[PDB]
Amino acid sequence: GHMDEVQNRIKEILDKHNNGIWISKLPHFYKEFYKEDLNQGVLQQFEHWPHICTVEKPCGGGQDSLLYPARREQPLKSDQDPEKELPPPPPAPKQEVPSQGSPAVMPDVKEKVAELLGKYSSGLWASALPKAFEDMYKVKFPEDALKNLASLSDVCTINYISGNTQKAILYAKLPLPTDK
């Protein structure tokens, strides 16, 4: 052992004193206590040591610094901080969705069709789409909404049976391209 003893004696004086020592008075303090001429390089040790002391520039020092003892060790260098308390994901529970944005153009007729398609693994067949519309939402509404196969093709995959455009089926297409 050697450098560990130099380390431990500077924390010993500074801890015993509690009130730190000015860097200019440190060398004669060291000479008095440990009977040795402090080399100038040990000042550089004092500047870098995280476990022995802290160099401080109190406002009254002006042109020199105080060596406080190691009580200020390990301030925010835990290297385990992400798991010391591991807080929940959001900024706070009141902010569970930091993101913001708006939905797509989906008027009530599109919404009726889109949910209605969602209710059936069978899809809705060309006649069953009107029947299920009127039954489920308890409405009797314009043929402009329930016979306009094109608007239904905006909300649904429309595909045919018995021939091209001979009989029709609807499956969900549920357009929601909006990301913001």
# chains A, B, ... in the order shown; residues from 1 in each chain; ligands from 1
call {"tool": "select_by_dssp", "arguments": {"residues": "range 78-126 of chain A", "states": "helix (DSSP H, G or I)", "output": "short mmCIF file (atom, residue, chain, number, x, y, z; two decimals) with N, CA, C and O atoms, in the first residue's frame"}}
result
data_model
loop_
_atom_site.label_atom_id
_atom_site.label_comp_id
_atom_site.auth_asym_id
_atom_site.auth_seq_id
_atom_site.Cartn_x
_atom_site.Cartn_y
_atom_site.Cartn_z
N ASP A 81 -29.71 3.98 -12.02
CA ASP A 81 -30.81 4.91 -11.82
C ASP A 81 -32.10 4.52 -12.56
O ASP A 81 -33.17 4.60 -11.94
N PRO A 82 -32.05 3.99 -13.80
CA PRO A 82 -33.22 3.49 -14.52
C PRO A 82 -34.01 2.39 -13.79
O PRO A 82 -35.14 2.10 -14.21
N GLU A 83 -33.48 1.77 -12.73
CA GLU A 83 -34.13 0.65 -12.04
C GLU A 83 -34.17 0.85 -10.51
O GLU A 83 -34.63 -0.04 -9.79
N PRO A 93 -49.22 9.53 -14.82
CA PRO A 93 -50.49 8.87 -15.12
C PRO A 93 -51.55 9.77 -15.78
O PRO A 93 -52.36 9.30 -16.57
N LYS A 94 -51.54 11.08 -15.48
CA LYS A 94 -52.44 12.07 -16.10
C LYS A 94 -52.09 12.33 -17.58
O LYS A 94 -52.85 13.02 -18.26
N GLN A 95 -50.96 11.81 -18.07
CA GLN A 95 -50.40 12.07 -19.39
C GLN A 95 -50.11 10.72 -20.07
O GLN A 95 -49.08 10.55 -20.71
N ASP A 108 -71.40 9.51 -40.27
CA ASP A 108 -72.21 8.51 -39.58
C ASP A 108 -72.60 7.32 -40.45
O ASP A 108 -72.60 6.20 -39.96
N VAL A 109 -72.86 7.51 -41.75
CA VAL A 109 -73.16 6.38 -42.63
C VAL A 109 -71.92 5.49 -42.76
O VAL A 109 -72.05 4.27 -42.68
N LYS A 110 -70.72 6.07 -42.89
CA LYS A 110 -69.50 5.25 -42.95
C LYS A 110 -69.35 4.51 -41.63
O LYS A 110 -69.05 3.32 -41.65
N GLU A 111 -69.57 5.17 -40.50
CA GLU A 111 -69.44 4.55 -39.19
C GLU A 111 -70.42 3.38 -39.02
O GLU A 111 -70.00 2.31 -38.57
N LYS A 112 -71.68 3.54 -39.45
CA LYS A 112 -72.69 2.49 -39.39
C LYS A 112 -72.18 1.27 -40.14
O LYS A 112 -72.09 0.19 -39.57
N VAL A 113 -71.80 1.45 -41.41
CA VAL A 113 -71.26 0.37 -42.23
C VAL A 113 -70.04 -0.25 -41.55
O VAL A 113 -69.95 -1.47 -41.46
N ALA A 114 -69.08 0.56 -41.08
CA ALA A 114 -67.80 0.07 -40.62
C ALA A 114 -67.96 -0.82 -39.38
O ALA A 114 -67.41 -1.92 -39.34
N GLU A 115 -68.74 -0.38 -38.39
CA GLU A 115 -69.03 -1.20 -37.22
C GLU A 115 -69.85 -2.42 -37.61
O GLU A 115 -69.55 -3.52 -37.15
N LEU A 116 -70.86 -2.25 -38.48
CA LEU A 116 -71.71 -3.34 -38.93
C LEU A 116 -70.90 -4.46 -39.57
O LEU A 116 -71.09 -5.63 -39.22
N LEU A 117 -69.93 -4.12 -40.42
CA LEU A 117 -69.00 -5.09 -40.98
C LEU A 117 -68.19 -5.77 -39.88
O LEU A 117 -68.01 -6.99 -39.93
N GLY A 118 -67.72 -5.02 -38.88
CA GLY A 118 -67.00 -5.55 -37.74
C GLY A 118 -67.77 -6.65 -37.00
O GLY A 118 -67.16 -7.60 -36.51
#
call {"tool": "atom_distance", "arguments": {"atom1": "CA of residue 106 in chain A", "atom2": "CA of residue 156 in chain A"}}
result
12.7 Å
call {"tool": "select_by_dssp", "arguments": {"residues": "chain A", "states": "strand (DSSP E or B)", "output": "PyMOL selection string"}}
result
chain A and resi 21-22+53-56+66-69+124-125+156-161+167-172
call {"tool": "write_last_selection", "arguments": {"atoms": "C-alpha atoms", "output": "short mmCIF file (atom, residue, chain, number, x, y, z; two decimals), in the first residue's frame"}}
result
data_model
loop_
_atom_site.label_atom_id
_atom_site.label_comp_id
_atom_site.auth_asym_id
_atom_site.auth_seq_id
_atom_site.Cartn_x
_atom_site.Cartn_y
_atom_site.Cartn_z
CA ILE A 21 -9.26 23.27 3.95
CA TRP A 22 -8.24 25.99 1.40
CA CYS A 53 -12.81 15.13 -1.23
CA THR A 54 -14.55 17.79 -3.34
CA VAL A 55 -12.85 20.97 -4.57
CA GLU A 56 -15.29 23.87 -4.05
CA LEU A 66 -11.88 24.67 -0.49
CA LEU A 67 -11.29 20.94 -0.16
CA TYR A 68 -14.40 19.54 1.50
CA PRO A 69 -14.39 15.89 2.76
CA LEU A 124 -72.60 -8.67 -45.03
CA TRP A 125 -74.14 -9.80 -48.30
CA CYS A 156 -65.70 -2.19 -47.33
CA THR A 157 -63.98 -4.63 -49.67
CA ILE A 158 -66.78 -5.41 -52.12
CA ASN A 159 -66.39 -8.62 -54.04
CA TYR A 160 -68.91 -10.59 -56.13
CA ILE A 161 -70.37 -14.08 -56.40
CA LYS A 167 -74.23 -10.81 -56.61
CA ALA A 168 -72.09 -8.84 -54.06
CA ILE A 169 -70.53 -9.40 -50.64
CA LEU A 170 -68.92 -6.86 -48.27
CA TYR A 171 -65.94 -7.44 -45.93
CA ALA A 172 -64.36 -4.80 -43.62
#
call {"tool": "residues_around", "arguments": {"residues": "range 31-38 of chain A", "least_positions_apart": "4", "cutoff": "12 Å", "atoms": "only C-alpha atoms", "output": "number ranges by chain"}}
result
A: 5-6, 8-10, 12-14, 16, 23-27, 42-46
call {"tool": "write_last_selection", "arguments": {"atoms": "C-alpha atoms", "output": "tab-separated table (two decimals), in the first residue's frame"}}
result
chain	number	residue	atom	x	y	z
A	5	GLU	CA	-2.74	5.75	2.39
A	6	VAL	CA	-2.38	9.22	0.76
A	8	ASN	CA	-7.23	7.91	3.21
A	9	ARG	CA	-5.24	10.59	5.12
A	10	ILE	CA	-6.71	13.49	3.13
A	12	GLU	CA	-9.15	11.67	7.46
A	13	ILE	CA	-8.12	15.34	8.00
A	14	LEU	CA	-11.01	16.75	5.98
A	16	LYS	CA	-12.15	15.17	11.22
A	23	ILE	CA	-5.98	24.47	-1.34
A	24	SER	CA	-3.26	27.05	-0.51
A	25	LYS	CA	-3.32	26.00	3.21
A	26	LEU	CA	-3.68	22.22	2.49
A	27	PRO	CA	0.15	21.79	1.94
A	42	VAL	CA	-1.05	15.51	-5.06
A	43	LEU	CA	-3.08	18.74	-5.70
A	44	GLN	CA	-4.02	17.19	-9.05
A	45	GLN	CA	-5.10	14.02	-7.19
A	46	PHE	CA	-7.30	16.22	-4.95
call {"tool": "atom_distance", "arguments": {"atom1": "CA of residue 73 in chain A", "atom2": "CA of residue 40 in chain A"}}
result
23.6 Å
call {"tool": "closest_residue", "arguments": {"among": "A:101, A:163, A:130, A:90", "to": "residue 147 in chain A", "atoms": "only C-alpha atoms"}}
result
A:130
call {"tool": "closest_residue", "arguments": {"among": "A:88, A:65, A:131, A:59", "to": "residue 20 in chain A", "atoms": "only C-alpha atoms"}}
result
A:65
call {"tool": "atom_distance", "arguments": {"atom1": "CA of residue 49 in chain A", "atom2": "CA of residue 70 in chain A"}}
result
9.0 Å
